[PDB]
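Let me begin by presenting the structure, written as structure tokens, before commenting on it.
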Amino acid sequence: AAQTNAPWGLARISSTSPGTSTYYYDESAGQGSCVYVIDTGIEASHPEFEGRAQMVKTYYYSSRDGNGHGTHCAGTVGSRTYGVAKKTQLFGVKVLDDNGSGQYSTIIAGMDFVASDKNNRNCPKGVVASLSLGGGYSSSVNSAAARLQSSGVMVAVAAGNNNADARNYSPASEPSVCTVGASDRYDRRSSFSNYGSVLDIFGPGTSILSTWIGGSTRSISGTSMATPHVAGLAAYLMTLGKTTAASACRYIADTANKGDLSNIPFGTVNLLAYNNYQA
């Protein structure tokens, strides 16, 4: 399939070169593959989710996304226009209140929830978790992400937006999950993007246009925007049978675009998420 005038991020994951505007992808588009968006929630009623998104769990008075960040990241995973896997079940786990904040215990509970609640969902192609959140290092947050990964879910996490080395941030520093850095449309490491040896892949992270609350759209920047690209890519690749949850991050790193990003610090992988779809 070909989505013309797609967001540059979608066109980039399907491109060996920057500066193109068409997103190419197998029409399966993540059909049968679930992605948990562990964030501020998902405005499931957004027409861009076209019935495929629902809230499955909240730790606050409401499951309404009153922030927009979770709706934005869910839109990058699997919205019809701004999504990587345009046919994927999306599940909202509101571990962040509408200010975008959340106790680590709540975030840990949400990850353990996904590890169990995937057995309550129909994901024959496999399960992905998009964690567009991060704080200082926490071995309990890391181990919770490791549990989620070891349960049979891909865990894609944001490297962080501190322009620092992501070993000091959780769940970014958990080695078993997939730590995603951010790039811009000129194949530059996003100025905010965290780096370091723990990073596994880079996704489009600067000026990412996706869904927003109020049935709208908007463009924002963050590794927390590159993470749904990789999460949606994994769901896309798992539907195609290219890889599994335990192997998706490795597979994405093997099939990525190599050495195409600039301002990648020495020791950080120069890998850009690439669906390697040939129309």
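Residue numbering restarts at 1 for every chain of the structure tokens, chains are lettered A, B, ... in their displayed order, and ligands are numbered from 1 as they appear.
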
Next on the checklist: At a cut-off of 12 Å, using only C-alpha atoms, what residues contact residue A:117? Leave out same-chain residues fewer than 5 positions from it and give the result as a ChimeraX atom specification.
Outcome noted: /A:34-36,56-57,91-93,109-112,122-123,127,129,148,151-153

Item to check | Neighbour list for residue A:25 as a list in words, cut-off 9 Å, only C-alpha atoms, skip fewer than 3 positions in-chain | outcome: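 In the requested form, the answer reads residues 1, 2, 3, 14, 28, 29, 84, 85, 236, 275, 276, 277, 278 and 279 of chain A.
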
Item to check | Nearest candidate to residue A:224 (options A:183, A:239, A:119, A:103; using only C-alpha atoms) | outcome: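 Checking each of A:183, A:239, A:119, A:103 against residue A:224, counting only C-alpha atoms, the winner is A:183.
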
Item to check | Backbone DSSP call of strand (DSSP E or B) for stretch 25-200 of chain A, listed as a PyMOL selection string | outcome: chain A and resi 33-39+53-58+90-94+126-131+135-136+153-158+165+169-170+178-183+188-189+195+199-200

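All residues within stretch 137-234 of chain A that the backbone DSSP calculation assigns to alpha helix (DSSP H) are residues 139, 140, 141, 142, 143, 144, 145, 146, 147, 148, 149, 150, 223, 224, 225, 226, 227, 228, 229, 230, 231, 232, 233 and 234 of chain A.
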